[PDB]
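Participant: Okay, handing you the structure first.
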Amino acid sequence: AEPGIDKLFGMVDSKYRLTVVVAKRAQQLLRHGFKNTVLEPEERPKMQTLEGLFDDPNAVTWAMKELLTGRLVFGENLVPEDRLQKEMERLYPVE
Amino acid sequence: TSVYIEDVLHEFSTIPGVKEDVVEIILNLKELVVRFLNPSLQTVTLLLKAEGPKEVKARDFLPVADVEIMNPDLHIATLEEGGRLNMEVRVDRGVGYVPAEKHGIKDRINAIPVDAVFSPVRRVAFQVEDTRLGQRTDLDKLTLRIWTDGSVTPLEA
Amino acid sequence: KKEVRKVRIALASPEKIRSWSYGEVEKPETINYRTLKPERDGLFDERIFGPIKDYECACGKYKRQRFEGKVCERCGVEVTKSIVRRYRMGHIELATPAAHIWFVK
Amino acid sequence: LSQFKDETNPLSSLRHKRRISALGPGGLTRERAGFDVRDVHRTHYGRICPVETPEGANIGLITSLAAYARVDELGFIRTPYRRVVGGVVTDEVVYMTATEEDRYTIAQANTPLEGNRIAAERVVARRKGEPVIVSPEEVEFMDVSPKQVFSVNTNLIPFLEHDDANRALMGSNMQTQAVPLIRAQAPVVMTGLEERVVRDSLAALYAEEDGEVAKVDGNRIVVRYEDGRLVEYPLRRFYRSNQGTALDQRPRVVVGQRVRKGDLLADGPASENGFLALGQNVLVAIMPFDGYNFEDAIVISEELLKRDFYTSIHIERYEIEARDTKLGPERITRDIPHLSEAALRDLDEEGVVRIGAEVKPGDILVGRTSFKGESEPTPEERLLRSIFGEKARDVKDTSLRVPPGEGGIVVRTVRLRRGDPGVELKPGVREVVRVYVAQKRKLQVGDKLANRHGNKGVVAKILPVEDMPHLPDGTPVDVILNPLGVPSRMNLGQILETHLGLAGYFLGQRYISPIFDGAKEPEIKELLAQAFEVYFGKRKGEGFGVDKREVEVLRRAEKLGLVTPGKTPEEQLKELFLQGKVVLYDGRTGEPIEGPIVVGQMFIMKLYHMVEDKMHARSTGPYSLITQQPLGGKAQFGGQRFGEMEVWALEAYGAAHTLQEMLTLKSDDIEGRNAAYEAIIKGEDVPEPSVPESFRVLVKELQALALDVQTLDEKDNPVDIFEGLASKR
Amino acid sequence: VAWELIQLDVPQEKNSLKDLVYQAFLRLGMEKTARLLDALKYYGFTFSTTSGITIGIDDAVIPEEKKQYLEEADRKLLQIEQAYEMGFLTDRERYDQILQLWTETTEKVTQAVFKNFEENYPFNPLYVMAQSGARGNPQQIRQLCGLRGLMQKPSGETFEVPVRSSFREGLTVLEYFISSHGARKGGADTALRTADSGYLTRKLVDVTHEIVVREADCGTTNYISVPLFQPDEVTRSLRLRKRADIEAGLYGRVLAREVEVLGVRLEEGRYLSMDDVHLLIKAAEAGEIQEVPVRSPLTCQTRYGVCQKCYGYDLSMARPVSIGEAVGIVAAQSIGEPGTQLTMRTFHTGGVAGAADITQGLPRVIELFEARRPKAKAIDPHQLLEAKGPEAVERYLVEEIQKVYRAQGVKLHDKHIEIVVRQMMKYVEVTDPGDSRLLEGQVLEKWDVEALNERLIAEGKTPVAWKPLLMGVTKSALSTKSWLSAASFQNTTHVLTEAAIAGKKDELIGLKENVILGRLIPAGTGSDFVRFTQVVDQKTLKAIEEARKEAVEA
Amino acid sequence: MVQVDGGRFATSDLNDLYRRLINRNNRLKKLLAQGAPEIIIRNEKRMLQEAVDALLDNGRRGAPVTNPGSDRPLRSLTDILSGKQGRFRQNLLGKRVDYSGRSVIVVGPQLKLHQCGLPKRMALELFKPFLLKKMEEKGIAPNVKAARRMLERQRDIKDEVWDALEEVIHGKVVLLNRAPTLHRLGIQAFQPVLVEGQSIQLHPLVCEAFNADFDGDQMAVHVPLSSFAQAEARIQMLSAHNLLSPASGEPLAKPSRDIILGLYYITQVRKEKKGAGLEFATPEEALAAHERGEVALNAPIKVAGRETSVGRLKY
DNA sequence: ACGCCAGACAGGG
RNA sequence: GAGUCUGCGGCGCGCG
DNA sequence: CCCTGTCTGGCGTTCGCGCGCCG
Ligand SMILES: Nc1ncnc2c1ncn2[C@@H]1O[C@H](COP(=O)(O)CP(=O)(O)OP(=O)(O)O)[C@@H](O)[C@H]1O
Ligand SMILES: [Mg+2]
Ligand SMILES: [Mg+2]
Ligand SMILES: [Zn+2]
Ligand SMILES: [Zn+2]
């Protein structure tokens, strides 16, 4: 199946919430630039025509791989709706 | 590997004065077993042309220096009268099975490729019968019977 | 740009009929063969309903987008794609009233 | 009532012709009225097949007639019944009306008879739809034969006696769907009507009178009858069947040959030798492999492809017309206005494609030139044309191309120009152009095959002869059928066909087992006893005896209960062979298969590959005019239906957006799909759905009716679905 | 942990395996179970090929006792005839008695054939597939080695004469033609039965689609009590309900109240694992509990929707239900499939009794979801509601409904029938007005709203006296609040007529209405509980805090 | 009002009705203005009312027919809005997906529940846009329109395209559907493993969920476009993730007919012959004697001998 | 043709 | 800097 | 005028796909 899906399922209060989180995460992953990640260095996402998955294969595949770690934070109202998209474009470069 | 009937264009045609259809012919060709003698012969095109009230067998092919035909009496066709059959059938050295679709040979533009049948062996069989050696009766004896279309011999194989 | 949150069915006021309406079909004239164009006032006239074609009008006085919101001087044709032609509604002014069978039977 | 002649094989058509229907004028009987009509009545005996009734909604209403069944003077399917005066049966027969049949006491054909003499005091008879044990003295009439009970299509089933009526149905139906193989082989085990089929059908070409053969062409066989007359018999070379199957008459008589009255000169589309043939006789091992042969799924040997054993021909008739537009006549010419010569080679003759040309999907079969717009040129395309070369054939490329899927080689071409001979060219239609394309189809994984009994199944894997199950002697098995598919299903007739077939393989002979009267378990064991000597006898003389393997399997076999313990391996294997099973080695490991496995000559046919077989995958394409839902047809596949049941499926899951997508971005959201595409092209994140045209069309459809449906805001206030075309002016 | 959940003391049957996967599911985890699934898949396939099991005509082995039992019953037939030829047995008794002779004699050859294999051929190719959850049916194998004996006439009256043959030996000429009638009548059966399976599903879905999990533990602690014992099999003798059915009732449910049973304290709200339901059964065996207090959709508070503690465990997953799940639908789909699964497999494969079983159920499950006086007045719900009250009807419908599915092999959790049947009583008639005239049928919970604020917030206690109304699934869908939903099934014609007249504002809630629009689903990712959820990186967390720090002016 | 074939024109029957109403209403206006003899005015008002019914609902009162050709009730508005294949049903069930596929299914034994065998030839059409862009990211194609033309013909595909598609589908998943979708497992998500041919390789264990068996039946296939749909599809929809059934808490990934038969055979114990003494339980002479008696032909390796049949004593 | 629901009117106090 | 127009309603049969 | 009963009037009746024909 998929990497630690049960680990992931236990991390959220409701099944369908994890789904929304991963999805919204995959969205930002692409929009503000694909380098908006929290665990790229040593062991990270990878494909094999070359090791090129390091750049842009599957968005959510990363989101899950990150949420599996304890770096990200998902809440009902964590950071004010509009101020987030502003600070995010200010710090992340790829366009 | 390929065939070329002079007046024929497609594989689904029928030639006058010839009972068999191109498809039945090309089929009978897959049955022809030839045997060349050296690497220098990678691709040999056998030529044959017969006319009139004669039966076309594999021995009718004009003989080529380093090539031999171990399938002489194979029936290629039955010509009635005014039966004009002039063809060129290519022959190659390869391995395994190669669908006519995979190689697509084109000596002549109107020629039609044929399914490749490369094993010189039709069937193998082995038996392991107990044999007795003075001390311990529990022993194996292998005897394998090999059949070959003639191209190569059982021992060579 | 708002979100659709409630739908509502309400009977129609004669005036609302006309309100949604554009032109009145007053004759059974579909299309005249010669020219596969709308006959006269007919069930297909472009006035009452819209531009049979893309951005072009009937006769061709005005044919592109530059003058997208104006009507042709001799023939009446305001034009968006033939899409405006499929969304617009026409009306028929009945002589003596009749009634919705939907509410009667 | 008139439909496409089902000519998968002449048999198919013949059946389609004799199947009895209720529905019709509309005056007689309608479709949601008929539980009493649908049932198979008593008198349907030898007048209507009780199995030919197609499975599906339309059922029971349609059913082919029986064997000897024949409409007398007035639509009363009379059935043949022989007279029996006293204890004496006659060779005289009376086609009787169904009413008259109830007045007499009739008996079955199974009654022991010494000639004219009944043989048992208490022998079976049926008064009126009621089983009755009658005395030879009361036996007024007897049935003619077991065949009459059933239809033609059904009488072609081997041991129909051992198969469950319901599973037999499938058998009969399957035949009607048999596709003509270049290599036609009659069954290893037949019923007795294969001959009669092709002959009463007009598959094969029979000799009228006795005579000798003059010319044997591939197109005609001119025979010379002994009456001093000679006739030229053309042979339908390659014709297009309504269903697109090939119909060729293959001469089977050599030059100068005395022919018997009524002998096949040429074989029909699917006849081997005057025998009906749909599919071929192949050695088959009835054991389970990895997962390849699933419950209904079945395997296949690459060796079967090597010799064209399961190969068939399909011809298609593509057609195109040169219409007359008021924009300018659509011309047919070699001129394909915009890009290459590489695509114009095959189009040798000015406009038409040259015969004997291999056309792959996407090639030009026929070239045609129509006009670019509806009535006006293009201001944007006017600047593009002028920049590189203004003088560009204003005409657009509207050429008949090979639709995705496939094409083969062009065999024939038809063109009807201006001065028509005696043809009926439709109005506006300037000229037409037909392009027949043929292609050789080789048995592949997707295909489906089935035996006359009922085991149906698709090919799961084409294994190389290298490692499939092989017999002690190098002869490997052709197909491996899964056992599990026969317990639950009741049709041991198949297991009975494989046993006698086994015999026929080593005894080099075909057999004919009647319906209920055919071969019997003892008689088969007998023939099997004769095959052992051919099998194991040659082995003894050829020089070798038994294997470590062959003996190992015997151990486990005695411990099983198949061979009497204490007898010689030679005698035991015989006993085991009689049981219909022989030892087989894996082929992949050379190890045997612990436990004897039956094997034999089973007749299996290939089922017609409809365009429902040739799969469909759609990315983007056409849309419906009134509804804005995706639709295909010609070259663009067409979208799949998502049905509410499936909706519910996603609904169950938290598949929100997945559900939205389906209802918006993928089908109806006009603006959505568009933006959707571009977005994906860009590798962007798809925009947020706009209103679905379906709702819009709904709204208005509802507005058509008095009702006014309006969308509202947070506070009961408007919101607009129709972005802005609703406001007036 | 592998040997703890495996039974190596018997041949692995589909059930022993079925049990292993389930165990593995709960014990080791979802994906770990998936691994085991493929593992058994692989080895099962491999070993299958090597085992060399294959059918052979001879494999089908006929018992020697067949000839006996046939003759034994044969001579007995002659007794019954002579008993008739004298005038003792009435025309009827004759018939009823002959049938019973075969009904038993057949069942006799049945166990016989198996007895042969059991003792003599343990590894008969045909036998192993049936025992293993592989393939085969006891009534099927009988028709091959034993003999399929009684095939009824066109009408229904079974034939006086049986079918003495098996499929091993030639089923004769006329015995085939007679069997043929039974096949014609069947094929038709599945067609109507398939149409009512979809009927059952559409109805269930049309009434139960708005029902969705959106909550907080609903504080209303009122519940249903699941009975562990059954009254009259034999006049009056209390008995422990069958294992399977009891499991069905309390598996993965939520205790409405705390129960102290054999020594352990089952706390309130705790989700009872199958191990727990094993405990309670063992206790009832001892005699400590006769019913069980458990949360059920049957007593939820959430007007529109069901909470997490009321529903239970079973999401596709084995842990408690996750908020925003489309339960009702799942239920509806689950009742549809079983209908569409059982009548298509019975016309297709085998006999007498089964034909009656399927045809009697489909009519009964259509009369049970829709409210009407049953054929033979079985008992009528409307009247029963009036005389004995609601809480009994609810528990009656549920159990009476499980009765047909248990009897047909299907195993569906009571959960589902509940969600449905609750909606059949989400409505009530009025007897004492306040806001609108008396005779009216309206939303139960909508009355709870009126009465609530009528006595609590605004004074003047105007009791809104209602009567529990038991409407059938069908009628509930027909007449609901929104029109969009109603415009979908009954009469688009009617549905809209009324909804127009009275300017109806379809507030979009529920999946059916909201789908039509092609709008996001109010449930799932649209679920109000999670439609809004943001994600952050510790990097963007500090950044936004730097924006709040710059808020300090000069 | 469309041009069909050869000059045939198709129009929605509504138009016929509309005419009806139009003419009557006109004819009425003129009949009131001309002169109005009572009889003929009502006679017409009658025809008019009727006509007004025709467009809205036909059949509630008599059934109008297109002139002698088809005694068919011209589809009235009411009709266009009511029914199984109606408009209200059309919306509800959302009928036709843009990224869908359907082919014959075939067992794929080595495949894991996690994946499914999907024909590459099919994957190409389905994942066409997703590939077109991937073509540009690599050197196989300059632009989109270029990438399109590169693939409009089968003989034009460079092996390089396959590598691209195989790369696009990396971790995306697709949904499979079966003929009657009875329950939620009626659709499952799997990881496509591009394969050659026409057929689609399905896993055996799920063949229980979908009531499917490789005999003439065929399964459809869809693809999640949004990163969101993708997420849900692979997290909560994937086959392997929906192991228990919604009906019962009992598994649905139960080994089927094939697997059970294999796993059974391997675990069953055999019994054979007891003619001479079966009591090893007590004597030590019983061990020796019946151990040699077994070596002989009297006692089998599996003898009904309580404690241990000689089969156990020997090994 | 059927089955089912819901309905509007007519007969017996 | 490509995009129009055709495939509709019904009937018959066949798959699973 | 009431309640009960009886014929009466309206709707629904799997799901998707192939092919071929016809105005
Ligand atoms: N009239 C009909 N309506 C709907 N589906 C039908 C149908 N006839 C056949 N089918 C469908 O296609 C399948 C064909 O039947 P089978 O393959 O025999 C299923 P089954 O129940 O597994 O029987 P089996 O165990 O003998 O294989 C059924 O599952 C059913 O879903
Ligand atoms: Mg099945
Ligand atoms: Mg099936
Ligand atoms: Zn103008
Ligand atoms: Zn609750």
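Residues in the structure tokens are numbered from 1 in each chain, the chains being A, B, ... in the order shown, and ligands are numbered from 1 in the order shown.
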Neighbouring residues of ligand 3 are defined here as those with any atom at most 6 Å from a ligand atom, counting only C-alpha atoms (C1' of nucleotides) and all ligand atoms; list them as a ChimeraX atom specification.

Facilitator: /F:212-213,215,217 /H:16

Participant: Near residue 5 (chain A), within 9 Å and counting only C-alpha atoms (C1' of nucleotides), which residues show up once chain neighbours fewer than 3 positions away are dropped, as number ranges by chain?

Facilitator: A: 1-2, 8-10, 64, 68; E: 30-31; F: 235, 241

Participant: What do you get as a list in words if you pick all residues at most 12 Å from ligand 2, counting only C-alpha atoms (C1' of nucleotides) and all ligand atoms?

Facilitator: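 Going residue by residue within 12 Å of ligand 2, we get residues 294, 295, 296, 297, 456, 457, 485, 488 and 489 of chain D; 135, 341, 344, 345, 348 and 349 of chain E; 179, 207, 208, 210, 211, 212, 213, 214, 215, 216, 217, 256 and 257 of chain F; 16 of chain H.
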
Participant: In region 7-85 of chain F, what's strand (DSSP E) per DSSP? Answer as a ChimeraX atom specification?

Facilitator: /F:9-10,65-66,70-73

Participant: Give me, please, the distance in Å between CA of residue 252 (chain E) and CA of residue 313 (chain E), quoted to one decimal.

Facilitator: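 Computing the Euclidean distance for CA of residue 252 (chain E) and CA of residue 313 (chain E) yields 5.1 Å.
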
Participant: Name the residues, by chain letter and number, that sit within 6 Å of ligand 4 using only C-alpha atoms (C1' of nucleotides) and all ligand atoms, and give them as a list in words.

Facilitator: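 So the residues close to ligand 4 are residues 57, 58, 59, 60, 61, 72 and 75 of chain C.
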
Participant: Just write the chosen residues, N, CA, C and O atoms, as a tab-separated table (two decimals), in the first residue's frame.

Facilitator:
chain	number	residue	atom	x	y	z
C	57	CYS	N	-23.07	39.07	-38.04
C	57	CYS	CA	-24.51	39.32	-38.05
C	57	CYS	C	-25.19	38.54	-39.18
C	57	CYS	O	-24.62	37.59	-39.71
C	58	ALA	N	-26.41	38.94	-39.54
C	58	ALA	CA	-27.20	38.29	-40.60
C	58	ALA	C	-26.67	38.61	-42.00
C	58	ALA	O	-26.26	37.70	-42.75
C	59	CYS	N	-26.69	39.89	-42.36
C	59	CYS	CA	-26.23	40.36	-43.68
C	59	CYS	C	-24.70	40.52	-43.74
C	59	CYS	O	-24.09	40.30	-44.79
C	60	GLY	N	-24.06	40.90	-42.63
C	60	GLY	CA	-22.61	41.04	-42.62
C	60	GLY	C	-22.10	42.48	-42.57
C	60	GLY	O	-20.94	42.71	-42.91
C	61	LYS	N	-22.93	43.44	-42.15
C	61	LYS	CA	-22.48	44.83	-42.06
C	61	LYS	C	-21.32	44.96	-41.05
C	61	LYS	O	-20.28	45.58	-41.34
C	72	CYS	N	-26.80	46.27	-35.71
C	72	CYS	CA	-26.71	46.64	-37.12
C	72	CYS	C	-27.85	47.60	-37.51
C	72	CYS	O	-29.03	47.39	-37.18
C	75	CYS	N	-30.44	45.75	-40.12
C	75	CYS	CA	-30.99	44.53	-39.54
C	75	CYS	C	-30.55	44.40	-38.06
C	75	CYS	O	-29.42	44.69	-37.73

Participant: Please return, as number ranges by chain, all residues of region 323-410 of chain E that DSSP assigns to helix (DSSP H, G or I) on the basis of the backbone.

Facilitator: E: 327-342, 346-349, 353-369, 381-388, 390-406

Participant: How would the residues just picked look written out with C-alpha atoms as a JSON list (two decimals), in the first residue's frame?

Facilitator:
[["chain", "number", "residue", "atom", "x", "y", "z"],
["E", 327, "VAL", "CA", -22.59, 6.41, 6.26],
["E", 328, "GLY", "CA", -26.24, 6.14, 5.13],
["E", 329, "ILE", "CA", -25.15, 5.74, 1.54],
["E", 330, "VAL", "CA", -22.70, 2.99, 2.51],
["E", 331, "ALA", "CA", -25.70, 1.38, 4.21],
["E", 332, "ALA", "CA", -27.93, 1.80, 1.22],
["E", 333, "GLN", "CA", -25.26, 0.45, -1.13],
["E", 334, "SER", "CA", -24.69, -2.44, 1.27],
["E", 335, "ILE", "CA", -28.36, -3.43, 1.17],
["E", 336, "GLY", "CA", -28.54, -3.09, -2.58],
["E", 337, "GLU", "CA", -25.51, -5.22, -3.38],
["E", 338, "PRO", "CA", -26.79, -8.19, -1.22],
["E", 339, "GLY", "CA", -30.05, -8.06, -3.12],
["E", 340, "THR", "CA", -28.28, -7.82, -6.45],
["E", 341, "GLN", "CA", -25.96, -10.60, -5.37],
["E", 342, "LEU", "CA", -28.33, -13.23, -4.16],
["E", 346, "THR", "CA", -29.78, -18.56, -7.51],
["E", 347, "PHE", "CA", -31.56, -18.53, -10.89],
["E", 348, "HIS", "CA", -28.17, -19.19, -12.41],
["E", 349, "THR", "CA", -27.13, -22.35, -10.51],
["E", 353, "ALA", "CA", -36.18, -24.43, -2.10],
["E", 354, "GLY", "CA", -33.74, -21.68, -3.16],
["E", 355, "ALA", "CA", -36.25, -20.48, -5.79],
["E", 356, "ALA", "CA", -38.89, -19.95, -3.07],
["E", 357, "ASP", "CA", -36.30, -18.31, -0.78],
["E", 358, "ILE", "CA", -35.29, -15.61, -3.27],
["E", 359, "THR", "CA", -38.73, -14.87, -4.57],
["E", 360, "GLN", "CA", -40.25, -14.67, -1.07],
["E", 361, "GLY", "CA", -37.52, -12.34, 0.21],
["E", 362, "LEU", "CA", -37.49, -9.78, -2.62],
["E", 363, "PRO", "CA", -41.24, -9.22, -2.11],
["E", 364, "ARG", "CA", -40.83, -9.09, 1.63],
["E", 365, "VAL", "CA", -37.87, -6.65, 1.55],
["E", 366, "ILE", "CA", -39.95, -4.45, -0.79],
["E", 367, "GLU", "CA", -42.87, -4.58, 1.59],
["E", 368, "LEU", "CA", -40.58, -3.99, 4.48],
["E", 369, "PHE", "CA", -38.95, -0.89, 3.25],
["E", 381, "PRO", "CA", -46.09, -1.43, 11.23],
["E", 382, "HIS", "CA", -48.51, 1.54, 11.05],
["E", 383, "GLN", "CA", -51.07, -0.24, 13.22],
["E", 384, "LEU", "CA", -48.32, -1.64, 15.47],
["E", 385, "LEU", "CA", -46.93, 1.88, 15.97],
["E", 386, "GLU", "CA", -50.32, 3.15, 17.11],
["E", 387, "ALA", "CA", -51.08, 0.26, 19.45],
["E", 388, "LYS", "CA", -47.68, -0.63, 21.09],
["E", 390, "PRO", "CA", -42.46, 3.60, 18.29],
["E", 391, "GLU", "CA", -39.39, 2.09, 20.17],
["E", 392, "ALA", "CA", -40.89, -1.36, 19.34],
["E", 393, "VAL", "CA", -41.55, -0.71, 15.68],
["E", 394, "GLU", "CA", -37.96, 0.50, 15.21],
["E", 395, "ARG", "CA", -36.55, -2.67, 16.84],
["E", 396, "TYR", "CA", -39.18, -4.77, 14.95],
["E", 397, "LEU", "CA", -38.37, -3.49, 11.47],
["E", 398, "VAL", "CA", -34.58, -3.91, 12.04],
["E", 399, "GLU", "CA", -34.79, -7.54, 13.19],
["E", 400, "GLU", "CA", -37.59, -8.49, 10.78],
["E", 401, "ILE", "CA", -35.40, -7.12, 8.01],
["E", 402, "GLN", "CA", -32.21, -8.97, 9.13],
["E", 403, "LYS", "CA", -34.35, -12.12, 9.16],
["E", 404, "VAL", "CA", -34.42, -12.45, 5.38],
["E", 405, "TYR", "CA", -30.73, -11.57, 4.82],
["E", 406, "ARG", "CA", -29.46, -13.91, 7.58]]

Participant: Neighbouring residues of region 54-56 of chain F were defined as those with any atom within 6 Å, considering only C-alpha atoms (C1' of nucleotides); residues of the same chain fewer than 2 positions away were excluded. Please report them as number ranges by chain.

Facilitator: F: 17, 51-52, 58, 76-78

Participant: Extract, using only C-alpha atoms (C1' of nucleotides), all DNA, RNA and protein residues at most 7 Å from region 10-19 of chain I, discarding same-chain residues fewer than 2 positions from it, and format them as a PyMOL selection string.

Facilitator: (chain D and resi 610-612) or (chain E and resi 194-195+198) or (chain F and resi 179-180)

Participant: Give me, as a PyMOL selection string, all polymer residues having an atom no more than 10 Å from residue 21 (chain I), counting only C-alpha atoms (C1' of nucleotides) and skipping those fewer than 6 positions away in the same chain.

Facilitator: (chain D and resi 2-4) or (chain H and resi 11-12)

Participant: Those residues with N, CA and C atoms (P, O5', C5', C4', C3', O3' and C1' of nucleotides), as a PDB file, in the first residue's frame please?

Facilitator:
ATOM      1  N   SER D   2     -36.871  -6.911 -39.014  1.00  0.00           N
ATOM      2  CA  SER D   2     -35.701  -7.221 -39.863  1.00  0.00           C
ATOM      3  C   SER D   2     -34.381  -6.697 -39.253  1.00  0.00           C
ATOM      4  N   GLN D   3     -33.403  -7.594 -39.167  1.00  0.00           N
ATOM      5  CA  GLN D   3     -32.114  -7.276 -38.567  1.00  0.00           C
ATOM      6  C   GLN D   3     -30.938  -7.765 -39.434  1.00  0.00           C
ATOM      7  N   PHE D   4     -29.727  -7.525 -38.934  1.00  0.00           N
ATOM      8  CA  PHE D   4     -28.510  -7.946 -39.594  1.00  0.00           C
ATOM      9  C   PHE D   4     -28.358  -9.453 -39.551  1.00  0.00           C
TER      10      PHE D   4
ATOM     11  P     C H  11     -36.639   1.507 -28.544  1.00  0.00           P
ATOM     12  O5'   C H  11     -36.750   0.453 -29.728  1.00  0.00           O
ATOM     13  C5'   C H  11     -37.902   0.524 -30.560  1.00  0.00           C
ATOM     14  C4'   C H  11     -37.737  -0.197 -31.878  1.00  0.00           C
ATOM     15  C3'   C H  11     -37.046  -1.535 -31.842  1.00  0.00           C
ATOM     16  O3'   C H  11     -37.880  -2.646 -31.639  1.00  0.00           O
ATOM     17  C1'   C H  11     -35.956  -0.106 -33.452  1.00  0.00           C
ATOM     18  P     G H  12     -37.616  -3.562 -30.346  1.00  0.00           P
ATOM     19  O5'   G H  12     -36.809  -4.775 -30.996  1.00  0.00           O
ATOM     20  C5'   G H  12     -35.967  -4.497 -32.104  1.00  0.00           C
ATOM     21  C4'   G H  12     -35.490  -5.722 -32.793  1.00  0.00           C
ATOM     22  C3'   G H  12     -34.516  -6.579 -32.012  1.00  0.00           C
ATOM     23  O3'   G H  12     -34.950  -7.843 -31.607  1.00  0.00           O
ATOM     24  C1'   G H  12     -33.335  -5.349 -33.709  1.00  0.00           C
TER      25        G H  12
END

Participant: Show me, as a VMD selection string, the residues that have an atom within 10 Å of region 34-50 of chain C when counting only C-alpha atoms (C1' of nucleotides), minus same-chain residues fewer than 4 positions from it.

Facilitator: (chain C and resid 21 to 30 54 57 to 58 75 to 91) or (chain D and resid 326) or (chain F and resid 1 to 3 15 18 to 19 22)

Participant: Grab me every residue within 6 Å of ligand 5, counting only C-alpha atoms (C1' of nucleotides) and all ligand atoms, and send it over as a ChimeraX atom specification.

Facilitator: /E:218,300-301,306-307,310

Participant: At a cut-off of 10 Å, using only C-alpha atoms (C1' of nucleotides), what residues contact residue 9 (chain G)? Leave out same-chain residues fewer than 2 positions from it and give the result as a PyMOL selection string.

Facilitator: (chain G and resi 7+11) or (chain I and resi 6-8)

Participant: Considering only C-alpha atoms and all ligand atoms, can you say which of F:182, F:131, F:113, F:303 comes closest to ligand 1?

Facilitator: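 Between F:182, F:131, F:113, F:303, the residue approaching ligand 1 most closely is F:182.
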
Participant: Kindly determine which residues of chain E lie within 10 Å of chain C, considering only C-alpha atoms, and give the answer as a PyMOL selection string.

Facilitator: chain E and resi 482-484+493-494+496-509+514+517+519

Participant: Per residue of chain F within 9 Å of chain A, which atom pair is closest and at what distance in Å (one decimal), using only C-alpha atoms, listed by chain and increasing number, as CSV?

Facilitator:
residue,atom,partner,partner_atom,distance
F:112,CA,A:1,CA,8.9
F:113,CA,A:1,CA,7.7
F:114,CA,A:1,CA,5.2
F:115,CA,A:1,CA,8.7
F:163,CA,A:49,CA,8.0
F:167,CA,A:49,CA,7.7
F:168,CA,A:57,CA,7.2
F:169,CA,A:58,CA,8.9
F:170,CA,A:57,CA,7.2
F:171,CA,A:58,CA,6.3
F:172,CA,A:58,CA,7.3
F:226,CA,A:23,CA,8.9
F:227,CA,A:23,CA,6.1
F:228,CA,A:23,CA,4.5
F:229,CA,A:23,CA,8.0
F:230,CA,A:60,CA,8.0
F:231,CA,A:23,CA,5.7
F:232,CA,A:19,CA,5.6
F:234,CA,A:2,CA,7.8
F:235,CA,A:19,CA,7.0
F:236,CA,A:19,CA,7.9
F:238,CA,A:1,CA,8.0
F:239,CA,A:1,CA,8.6
F:240,CA,A:1,CA,6.0
F:241,CA,A:1,CA,7.1
